[PDB]
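Coming up is one lone chain in structure tokens, specifically the form deposited in one PDB entry.
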């Protein structure tokens, strides 16, 4: 007659409150620690790889970023650390870091021609180019905006309105130009005192240029500032200007909304499928914990900073 344990000769270590290391027979791990180390698909929809461009450069159409003129549906956006192309002309985009919040909830865009380039019979849309945005060794400019310069030594006032008639929203961009001195201002445009006014059902704005002396960035001594707004299905947008105006030509239409994100990584692309994603790899496990990176997308196991989590289900 004997009563006792069901012994064994395995090897595995667990932790308890008053014994630091203890041997067990059966044990089960919960913390995954491996990744495939490449960018994959997510439920069968390819992501968007901006490669060597920025979000602003894509939305404004850099001459060196012409591969993304038409873009299909995506799931998440990948952006490299420290882009190289960006905005060729020095300046800034007003209310930045808030447009990125408007993104990550849009999964598909559509492009619409709102004001044709041939609709300006009393201006000049040809010679407005600069050497800071070259295309194959020649001066160029953005492709979604028009820079207007006097024609026949004149610059009449502008009154332009656009009436929305679709069933979805829009996104419009426009800008201003800051000069260096009075002679340049009277050589590009003609009037010495200029302004811009924009109004809609919920926005009211007036602007004036600044003329001063600054340093050199990318070989230029001028500046440009850009703005954005979202238009409702039945509203309208109005424009009035006298100079220093960068007119809009294309607009983006929101057609699908959902869940997305913006990443920052430098991992290369690979042709494979997965259902969870991290900025340094992918996960194909069923355990409920991981310690790879706290930013994820999809359904993912929970995150902890530890590196050992095994619960004992054995004896001894």
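Take the two forms, find the largest set of C-alpha atoms that superpose within 1.5 Å, and that set is the rigid core. Residue numbers count along the first chain shown, from 1.
Separately, the form deposited in another entry exists; it is not shown, and the next lines address it.
Asker: Using the rigid core as the fixed frame, list which single one of 272, 254, 64, 280 shifts its Cα by at least 2 angstroms between this form and the one not shown.
Answerer: Result of the comparison: 272.
Asker: Aligned on the rigid core, do the two forms place the Cα of residue 51 2 Å or more apart, comparing between this form and the one not shown?
Answerer: Where the cores coincide, residue 51 shows only a C-alpha shift between this form and the one not shown that is less than 2 Å.
Asker: Examine residue 42 after superposing the rigid core and state whether its CA is displaced by 2 Å or more between this form and the one not shown.
Answerer: Residue 42: C-alpha displaced by 2 Å or more between this form and the one not shown.
Asker: Taking the rigid core as the frame, does residue 179 move its C-alpha by 2 Å or more between this form and the one not shown?
Answerer: Where the cores coincide, residue 179 shows only a C-alpha shift between this form and the one not shown that is less than 2 Å.
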